[PDB]
Structure formats: C-alpha cells, structure tokens
C-alpha cells in the first residue's frame, strides 16, 4: 500500500498515541487518480482494486491496471465532448462500475464530479443544473432517469447540456457512454502547467441539505481523498490485502468514505454489489462468497442482517465492522456481537468532512456514543453565546480552523460565499450538529442545532418538502418538522393548513405523500401528516 507515504507513522499503541503522533503529510501536488490509482497500475498492476457484481450473475474483477486503462479512456471521452478543467459533471450511476471510471477520469482531467442519487426528480435536476452550471450529466438508462433529465433540460431550454447514458437503447440527443468509452483512446495526456490540478482545486461536489432553502454545494479540494486515510485505515481498520464493503449508493458522500479514496490508499480492495432491491440474504451470501474482510453499514442495514441467520453464512472473513448514519441501539450492537464476535465501532461526520469523531480500535465502544475526536480535527462543543461547553453540557460540534483547514474539510459552499461565511467564521466551522461529552471524553449526538431533519440516514431540508407540498391545491400553508423516532432517529412530519375545498382524511394524506414522491426524491415524503386550523409564527 501507499499509506506510509502520506502519514507520520502508520500504527499506534493507543488513542492517546494516535492523537499525539498522527499527521497526514500532504505532498506539494496531489491528485488521487495519478498519485494513487496510476501508481498502483505501474508498480503493482495485478493488485486487486474492486470486485463488482450484479443480481444477474454478472461479475467484474478490476485491478489497478484496469482502472488506469478505463479512467484514461474516460478522460478522453470527456475531452471529446468539450469537458475540461473546472467543468461540473453530474454522475447518477447507482453502483454501476462506470461510476469509478467517471470519477477517476474527471479527477485526471481536473473536471468536477457531482455524484447524485438516481432518486432525483425533474425539479431536483433543474435545481442542480442551474446551481452547479452542469456541463454534462452521466446517468443510468434505468429508473426513468434519462426521462427526468430530458424533462429538466426542457425546463432550462435549449442549453448545450451534454447527456450521456449508461446502458439502454439509442436515445435521440443522448450519448451512449459505454460505446464511446470503448472507442476512446487509452492514451490520455496528463494536463500540465497551468491546466494541471493543484491541491487547492475543487475535484468533488455533493449537494447537501440546508436548514432553509435548497441543498448547498459542498466543494472538496484535491487533498480531500487523503483525509479518508483516517476513515479507512483507523476507523474502518481496513488492511492491504483486504476486501472492504461499505453499503452506500454512489449518490451519497458515504460511497467515497467507504468505496474509494482511503481504502485504496491503504491498499484495500473494495466490494461493490450493484443490486436493485435490498435483500439481506443476498447481501450476506455475496459478501461471504467474495471474502469481505471489513464492513460498514447504517444501523438499518444491520437491522435486516441480524434478522438473518448470520451463522448460516459463516461470514468467516469478517474481521472488523463499523457503523454510522443513524442512532445505534445497544440491542443492534449486542445481537451483532453475539452472532459474530465483532463489536460495531461507531463513527461520525458530515458531507463537509471526513470521519471527525469515531470509536477507534484502541477504544472500548460505548454503544450509542460516536466516540472521540479524530486527530487533526480540533473538535469543540460551542454554546449559543460562542462560549465552549464543559463535560455534561449540550453544545454544537464545531471545528477550530485557526491553525489551518484540516485535511478532509470542505473549501466552501460552492457559489455561496454568504452561507459559507454564516457557517464558518471567527476561527470555527459550524457543523450544525449537537452533542455532549461524558466524563470519559466520549461524545453523544443529541440532534441538529437547526431545522434539518435526519430520517434513517437521510439529511432533509424542511423547505425541500415544504416547497413540494405548497404546489398541491389542498395546501394553503405547511410546516415540515422532525418527530423523534427510536429506529429512524426522526421522521418527517407535515403540519398542514388545508384550503377551504378539502377536508382531513387518511385518503388525502396518502395523496399528499404521493404528490411529494412525484415532485422530489421520494425519501423526503412526510410519514406523519397532521391537519390544523393554524400554524405558529
């Protein structure tokens, strides 16, 4: 592995040793695709990078030599269609192996990758075209995505948006990605001089929900991949040798936390299972068969896995498992440990960061607690007056950046200096997450500082749902809030004032839920609706 090249020291004897002695060593110029993937391709060509498979018996085994080859071809494909340094390209690719081709190709070119969920609806896509200034969309042919894109394109008018799809029939106005990719030269001339990437250049962007209005663009620089050394080597405890499996769709930040940067730096292969319908038994059988060694999933996924006879799939190779995204009930921890002999080690962070608080391998877990701060991240808890919190009091998790931006922290909200300044000022970046610290130094997440809702892993801005709801005739006014939930953390509640023409009923609730699911990504639908004569203001 390349790990030792980027760190002060690889292994430590305790959390305290790790805190005192760990430093990421950032090279004068770092580009992940060139300095990790292409290095392996030359020095260890046959080293495994990725095991990919289907629910259709399709299997693709990628070495780093393979990934250099297809990412060079991908870079040329992008150049062919006028994509260059700084251009925003959206990727809606689920877990097609093409996602990895495109990411690496865009990194090589110095273009900007914008992964997005396949669940996006027309108005979501319009918003992202406009906010990012997208020059291209690369998407699956399935799930009516190209149709949603075309609808969005029509909304924007006859702009020169490039549209490439993976799979499917020939579509008028659409590029066939795989065909053109195969036709592309495997010789990509690395950009040099001023057109070459620098550490500070943006390479990756995620749209992330805010407390008011629509999702903001979290922009990450070329050193971001290095921050995931902490995520992969120290939190996930991956091994060169190994096969790491994080359950995450490419549309979400967790995909690159678990299926890309830090894993590959640490020399660990990644397992990708591109299924359409989650089946716990399918996931278990495939993961066991391919010999997955380390695992990450949200508590929801572990809930289904533990309802299966885990012992029947003698998951013999599983050596370490981590968890993040939803509240960890100790019962999930215990049942998993009783089946496997493995303790679920919880970690924490944000689209804007890498893992910032985690239960590291030298720590005994406190089931429910996110653990202790990651080295290099000066985590503090700040109250409403800008003062710091002592042990036992709730405050906002903030990151002290007075000595410089930690590796892995975002640069800004893209094209939004106002929101950036509001959230990051006077030497602290504000996560918007609330926690308290116990006497042992363990942190306990308590919720949001704002109106953002977290529902079984999904971060939801209330206005995303409110704006959808107000478009329905029956809605005069509405308020979207989260209500506590033991399993899902929170669920989305709509408090609605109906128009004169309508009366409250379960049927109408169904209709309004259905309306939301057709307007915006369906995970945002209000699970609880209450009809009221008036709202508080």
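Positions refer to the first chain, counted from 1.
Trainee: Return whichever of 273-281 and 380-388 has the greater mean Cα B factor according to the PDB record.
Mentor: Mean B over CA atoms: larger for 273-281.
Trainee: Could you check which stretch, 357-365 or 189-197, carries the larger mean CA temperature factor in the entry?
Mentor: Of 189-197 and 357-365, the stretch with the higher C-alpha B-factor average is 189-197.
Trainee: Which one of 233, 118, 459, 135 shows the biggest C-alpha B-factor in the PDB entry?
Mentor: The listed residue with the largest C-alpha B-factor is 459.
Trainee: Going by the CA temperature factor in the entry, name the top one among 351, 314, 420, 374.
Mentor: In this record, 314 carries the highest C-alpha B-factor of the candidates.
Trainee: Tell me, lowest, middle or highest third: where does the Cα B factor of residue 98 rank within its chain?
Mentor: Within its chain, residue 98 is a lowest-third residue by C-alpha B-factor, going by the deposited values.
Trainee: Ranking every modelled residue in this chain by its Cα temperature factor as given in the entry, which third contains residue 29?
Mentor: As the PDB entry reports it, the C-alpha B-factor of residue 29 lands in the middle third of its chain.
Trainee: Once the chain's modelled residues are ordered by C-alpha B factor and cut into thirds, is residue 329 in the lowest, middle or highest one?
Mentor: Residue 329: CA B-factor falls in the highest third of its chain.
Trainee: Among the modelled residues of this chain, does the Cα B factor of residue 483 put it in the lowest, middle or highest third?
Mentor: Highest third, going by the recorded CA B-factors of the chain.
Trainee: Consider only the C-alpha atoms of the modelled residues in this chain, order them by B-factor as the entry records it, and name the third containing residue 342: lowest, middle or highest.
Mentor: Ranked within chain, residue 342 CA B lands in the middle tercile.
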